[PDB]
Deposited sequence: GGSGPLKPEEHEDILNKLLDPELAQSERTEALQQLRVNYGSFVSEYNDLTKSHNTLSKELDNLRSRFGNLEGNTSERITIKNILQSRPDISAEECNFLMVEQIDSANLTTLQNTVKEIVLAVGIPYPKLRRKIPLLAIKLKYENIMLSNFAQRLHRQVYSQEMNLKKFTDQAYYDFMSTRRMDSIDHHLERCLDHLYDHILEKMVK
């Protein structure tokens, strides 16, 4: 590559020499000439390499930025406690809310895909309908089961969770929600009369 500072400087010192042969003067100037063209070329090649690298880093910051989305609107424990007075810090911890911040995009995508397929609600509507699912699950189901339960006790308690586990066994062997035969149905009709 280009000459080190000390090699260049030696040439300049040679050239100062008053008794340098003419051929020697020309040669040394030629070495300076050749060298400088090479230094300039190395330099320009560095200049394009630095700029290509600046291009790539800029796209990688935008690309990164878009898939991260707006940091500002992340829901925190603090936000949750604030906007949902029924939820404690203890519940947040038990539910492992903060661990969702460790998940990568592929994992979250897959998770959400599975929720959408399970609950039968289009993705763009899902957040809006999350309260409706909380209500089905934590209230109506429990009150609906209770009513059947209270009546089943005065006719004889149903083993509702035996039913549930059977329907999960069925789904896992089939991989079809379609054609689960939920035994709850049968026993409810035996209670119908």
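Visitor: Hey, which stretches of the deposited sequence didn't make it into the model?
Guide: Model skips 1 to 3, 160 to 161, 199 to 206 of the deposited chain.
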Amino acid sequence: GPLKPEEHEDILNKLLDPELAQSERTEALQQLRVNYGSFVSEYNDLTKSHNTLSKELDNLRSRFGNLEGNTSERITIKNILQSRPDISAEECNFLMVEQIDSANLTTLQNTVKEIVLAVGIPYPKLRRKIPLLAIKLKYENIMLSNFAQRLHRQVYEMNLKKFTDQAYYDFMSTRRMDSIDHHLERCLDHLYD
From here on, numbers count along this sequence of modelled residues.
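Visitor: Mean C-alpha B factor from the entry: is it higher for 112 to 120 or for 69 to 77?
Guide: It is 69 to 77.
Visitor: Averaging the C-alpha B factors as listed in the entry, name the stretch that ends up higher: 14 to 22 or 165 to 173.
Guide: Mean CA B-factor is higher for 14 to 22.
Visitor: Highest Cα B-factor in the deposition, which of 28, 53, 126, 137?
Guide: That would be 53, according to the entry.
Visitor: Just to confirm, going by the entry's C-alpha B-factors, which of 40, 132, 32, 151 comes out highest?
Guide: Highest C-alpha B-factor among the listed residues goes to 151.
Visitor: Where does the C-alpha B-factor of residue 9 rank in its chain, lowest, middle or highest third?
Guide: Residue 9: CA B-factor falls in the lowest third of its chain.
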